[PDB]
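Asks: Quick one, work28.cif (mmCIF, C-alpha atoms):
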data_entry
#
loop_
_atom_site.group_PDB
_atom_site.id
_atom_site.type_symbol
_atom_site.label_atom_id
_atom_site.label_comp_id
_atom_site.auth_asym_id
_atom_site.auth_seq_id
_atom_site.Cartn_x
_atom_site.Cartn_y
_atom_site.Cartn_z
ATOM 1 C CA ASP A 8 -21.634 23.231 -6.214
ATOM 2 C CA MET A 9 -23.546 20.105 -7.376
ATOM 3 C CA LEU A 10 -21.730 18.013 -4.706
ATOM 4 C CA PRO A 11 -24.398 17.809 -1.918
ATOM 5 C CA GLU A 12 -27.394 17.136 -4.238
ATOM 6 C CA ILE A 13 -25.504 14.330 -6.031
ATOM 7 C CA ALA A 14 -24.260 12.987 -2.679
ATOM 8 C CA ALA A 15 -27.875 12.758 -1.375
ATOM 9 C CA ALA A 16 -29.115 10.984 -4.544
ATOM 10 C CA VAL A 17 -26.218 8.524 -4.558
ATOM 11 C CA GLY A 18 -26.743 7.821 -0.843
ATOM 12 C CA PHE A 19 -30.423 7.075 -1.459
ATOM 13 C CA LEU A 20 -29.479 4.491 -4.095
ATOM 14 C CA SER A 21 -26.663 3.118 -1.978
ATOM 15 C CA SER A 22 -29.064 2.723 0.963
ATOM 16 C CA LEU A 23 -31.520 0.758 -1.215
ATOM 17 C CA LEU A 24 -28.709 -1.675 -2.139
ATOM 18 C CA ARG A 25 -27.630 -2.001 1.520
ATOM 19 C CA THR A 26 -31.123 -2.527 2.951
ATOM 20 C CA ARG A 27 -32.599 -4.750 0.276
ATOM 21 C CA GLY A 28 -29.390 -6.447 -0.786
ATOM 22 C CA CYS A 29 -27.028 -6.559 2.202
ATOM 23 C CA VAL A 30 -24.385 -5.285 -0.189
ATOM 24 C CA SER A 31 -21.273 -4.627 1.921
ATOM 25 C CA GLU A 32 -20.901 -1.097 3.364
ATOM 26 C CA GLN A 33 -17.271 -1.554 2.159
ATOM 27 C CA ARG A 34 -18.294 -2.202 -1.479
ATOM 28 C CA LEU A 35 -20.946 0.523 -1.321
ATOM 29 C CA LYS A 36 -18.393 3.159 -0.351
ATOM 30 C CA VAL A 37 -16.545 2.452 -3.629
ATOM 31 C CA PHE A 38 -19.865 2.380 -5.501
ATOM 32 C CA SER A 39 -20.862 5.750 -4.015
ATOM 33 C CA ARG A 40 -17.630 7.481 -4.970
ATOM 34 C CA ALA A 41 -17.837 5.864 -8.462
ATOM 35 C CA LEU A 42 -21.434 7.019 -8.999
ATOM 36 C CA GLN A 43 -20.683 10.489 -7.604
ATOM 37 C CA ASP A 44 -17.864 10.872 -10.141
ATOM 38 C CA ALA A 45 -20.034 9.582 -12.996
ATOM 39 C CA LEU A 46 -23.009 11.864 -12.235
ATOM 40 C CA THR A 47 -20.920 15.001 -11.750
ATOM 41 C CA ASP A 48 -19.322 14.331 -15.106
ATOM 42 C CA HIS A 49 -22.729 13.709 -16.723
ATOM 43 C CA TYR A 50 -24.273 16.805 -15.108
ATOM 44 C CA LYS A 51 -21.520 19.357 -15.670
ATOM 45 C CA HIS A 52 -22.875 21.233 -18.650
ATOM 46 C CA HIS A 53 -26.496 20.629 -17.595
ATOM 47 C CA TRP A 54 -26.798 22.347 -14.208
ATOM 48 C CA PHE A 55 -28.514 25.730 -13.825
ATOM 49 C CA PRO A 56 -28.676 26.830 -10.178
ATOM 50 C CA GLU A 57 -31.016 29.658 -11.017
ATOM 51 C CA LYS A 58 -33.460 27.495 -12.801
ATOM 52 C CA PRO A 59 -33.349 24.229 -10.851
ATOM 53 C CA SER A 60 -35.865 22.460 -13.101
ATOM 54 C CA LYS A 61 -33.897 23.382 -16.266
ATOM 55 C CA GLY A 62 -32.223 20.179 -17.452
ATOM 56 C CA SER A 63 -34.079 18.097 -14.850
ATOM 57 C CA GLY A 64 -35.428 15.752 -17.523
ATOM 58 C CA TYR A 65 -31.802 15.122 -18.625
ATOM 59 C CA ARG A 66 -30.477 14.652 -15.039
ATOM 60 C CA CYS A 67 -33.406 12.396 -14.091
ATOM 61 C CA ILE A 68 -32.579 8.825 -13.065
ATOM 62 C CA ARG A 69 -35.264 6.345 -14.152
ATOM 63 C CA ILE A 70 -35.552 2.653 -13.382
ATOM 64 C CA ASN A 71 -38.135 0.256 -14.739
ATOM 65 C CA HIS A 72 -37.904 -2.700 -17.171
ATOM 66 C CA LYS A 73 -34.906 -0.703 -18.366
ATOM 67 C CA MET A 74 -32.074 0.128 -15.951
ATOM 68 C CA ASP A 75 -30.631 3.650 -15.965
ATOM 69 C CA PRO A 76 -27.481 3.244 -18.106
ATOM 70 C CA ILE A 77 -25.213 5.181 -15.680
ATOM 71 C CA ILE A 78 -26.303 3.178 -12.627
ATOM 72 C CA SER A 79 -25.892 0.027 -14.702
ATOM 73 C CA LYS A 80 -22.345 0.826 -15.946
ATOM 74 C CA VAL A 81 -21.064 2.033 -12.567
ATOM 75 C CA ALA A 82 -22.570 -0.848 -10.569
ATOM 76 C CA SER A 83 -20.994 -3.281 -13.034
ATOM 77 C CA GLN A 84 -17.520 -1.687 -12.586
ATOM 78 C CA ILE A 85 -17.935 -2.284 -8.844
ATOM 79 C CA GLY A 86 -19.220 -5.866 -8.759
ATOM 80 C CA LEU A 87 -23.001 -5.484 -9.019
ATOM 81 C CA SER A 88 -24.542 -7.034 -12.091
ATOM 82 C CA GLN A 89 -27.670 -5.888 -13.873
ATOM 83 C CA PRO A 90 -29.776 -8.912 -12.757
ATOM 84 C CA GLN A 91 -28.741 -7.891 -9.241
ATOM 85 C CA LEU A 92 -29.801 -4.254 -9.766
ATOM 86 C CA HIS A 93 -33.185 -5.327 -11.129
ATOM 87 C CA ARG A 94 -33.676 -7.550 -8.037
ATOM 88 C CA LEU A 95 -32.233 -5.171 -5.381
ATOM 89 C CA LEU A 96 -33.555 -1.766 -6.547
ATOM 90 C CA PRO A 97 -37.303 -0.873 -6.569
ATOM 91 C CA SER A 98 -38.889 -2.025 -9.836
ATOM 92 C CA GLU A 99 -40.085 1.445 -10.821
ATOM 93 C CA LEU A 100 -38.240 4.425 -9.363
ATOM 94 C CA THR A 101 -37.575 7.937 -10.547
ATOM 95 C CA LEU A 102 -35.019 10.273 -9.024
ATOM 96 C CA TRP A 103 -34.721 13.976 -9.789
ATOM 97 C CA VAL A 104 -31.359 15.493 -8.846
ATOM 98 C CA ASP A 105 -31.736 19.292 -9.200
ATOM 99 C CA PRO A 106 -30.068 22.446 -7.759
ATOM 100 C CA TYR A 107 -31.139 22.777 -4.085
ATOM 101 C CA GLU A 108 -33.498 19.781 -4.359
ATOM 102 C CA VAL A 109 -33.409 15.992 -4.699
ATOM 103 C CA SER A 110 -36.708 14.144 -4.876
ATOM 104 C CA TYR A 111 -37.858 10.644 -5.865
ATOM 105 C CA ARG A 112 -40.958 8.549 -6.569
ATOM 106 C CA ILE A 113 -41.274 4.778 -6.054
ATOM 107 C CA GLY A 114 -43.970 3.263 -8.324
ATOM 108 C CA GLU A 115 -45.811 5.255 -11.034
ATOM 109 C CA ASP A 116 -48.431 6.473 -8.617
ATOM 110 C CA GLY A 117 -46.184 6.727 -5.564
ATOM 111 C CA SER A 118 -46.017 10.024 -3.761
ATOM 112 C CA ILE A 119 -43.195 12.450 -4.387
ATOM 113 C CA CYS A 120 -40.634 12.271 -1.621
ATOM 114 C CA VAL A 121 -38.186 15.130 -1.024
ATOM 115 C CA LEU A 122 -34.815 13.859 0.112
ATOM 116 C CA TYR A 123 -32.642 16.997 0.073
ATOM 117 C CA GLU A 124 -33.898 20.565 0.220
ATOM 118 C CA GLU A 125 -31.877 23.740 0.751
#
Please render this file's structure as structure tokens.
Replies:
Amino acid sequence: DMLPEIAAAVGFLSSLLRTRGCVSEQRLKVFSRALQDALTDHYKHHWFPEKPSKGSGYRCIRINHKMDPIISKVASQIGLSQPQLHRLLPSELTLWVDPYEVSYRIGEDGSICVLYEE
């Protein structure tokens, strides 16, 4: 039910690490599965398909001077350190993973990009 939205968000992050970092497609497959698991666990009791923006603040993935703690923990379990994540991911990024819609913004004043929409 939350599968495809979380898959799209994870893939977006995984693609950033591939493109900017040349992180192995092999290592990134493990990372993707790891992060999928972690986000579906985090999101379980906070997903309202009828009100897609309900809980969106909670589900929101934010990166700036502080790394999102879930991304940080999962990347670390997989071989990507936090100094790496700061270097390889965009310096300010926000990712909204909601029922029927995944969107993101790079930079505070970046435009809103829709990634997944059903």
Asks: Can you give me, as number ranges by chain, the residues this file yields under the PyMOL selection byres ((chain A and resi 36-45) around 8)?
Replies: A: 13-14, 17-18, 21, 32-35, 46-49, 77-78, 81-82, 85
Asks: Keeping only C-alpha atoms, write the selected residues as an mmCIF file, in the frame of the given file.
Replies:
data_model
loop_
_atom_site.group_PDB
_atom_site.id
_atom_site.type_symbol
_atom_site.label_atom_id
_atom_site.label_comp_id
_atom_site.auth_asym_id
_atom_site.auth_seq_id
_atom_site.Cartn_x
_atom_site.Cartn_y
_atom_site.Cartn_z
ATOM 1 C CA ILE A 13 -25.504 14.330 -6.031
ATOM 2 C CA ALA A 14 -24.260 12.987 -2.679
ATOM 3 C CA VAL A 17 -26.218 8.524 -4.558
ATOM 4 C CA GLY A 18 -26.743 7.821 -0.843
ATOM 5 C CA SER A 21 -26.663 3.118 -1.978
ATOM 6 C CA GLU A 32 -20.901 -1.097 3.364
ATOM 7 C CA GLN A 33 -17.271 -1.554 2.159
ATOM 8 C CA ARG A 34 -18.294 -2.202 -1.479
ATOM 9 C CA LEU A 35 -20.946 0.523 -1.321
ATOM 10 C CA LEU A 46 -23.009 11.864 -12.235
ATOM 11 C CA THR A 47 -20.920 15.001 -11.750
ATOM 12 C CA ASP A 48 -19.322 14.331 -15.106
ATOM 13 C CA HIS A 49 -22.729 13.709 -16.723
ATOM 14 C CA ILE A 77 -25.213 5.181 -15.680
ATOM 15 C CA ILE A 78 -26.303 3.178 -12.627
ATOM 16 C CA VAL A 81 -21.064 2.033 -12.567
ATOM 17 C CA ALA A 82 -22.570 -0.848 -10.569
ATOM 18 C CA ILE A 85 -17.935 -2.284 -8.844
#
Asks: Which of these, A:111, A:119, A:105, A:90, has the shortest distance to residue 54 (chain A) once you count all atoms listed in the file?
Replies: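 Closest residue, counting all atoms listed in the file: A:105.
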Asks: Give me, please, the distance in Å between CA of residue 109 (chain A) and CA of residue 29 (chain A), quoted to one decimal.
Replies: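 CA of residue 109 (chain A) sits 24.4 Å away from CA of residue 29 (chain A).
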Asks: Taking the file as shown, what set of residues would the PyMOL selection byres ((chain A and resi 62) around 12) give back, as number ranges by chain?
Replies: A: 49-61, 63-67, 103-106
Asks: Between A:71, A:122, A:117, A:80, single out the one closest to residue 98 (chain A), counting only C-alpha atoms.
Replies: A:71
Asks: So how many Å separate CA of residue 9 (chain A) and CA of residue 94 (chain A), to one decimal?
Replies: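 Straight-line distance from CA of residue 9 (chain A) to CA of residue 94 (chain A) works out to 29.5 Å.
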Asks: Which residue out of A:10, A:16, A:24, A:68 has the minimum interatomic distance to residue 91 (chain A) when all atoms listed in the file are used?
Replies: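 For residue 91 (chain A), the nearest of the candidates is A:24.
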Asks: Could you work out how far CA of residue 12 (chain A) lies from CA of residue 107 (chain A), giving the answer in Å with one decimal?
Replies: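 Atom-to-atom, CA of residue 107 (chain A) to CA of residue 12 (chain A), that is 6.8 Å.
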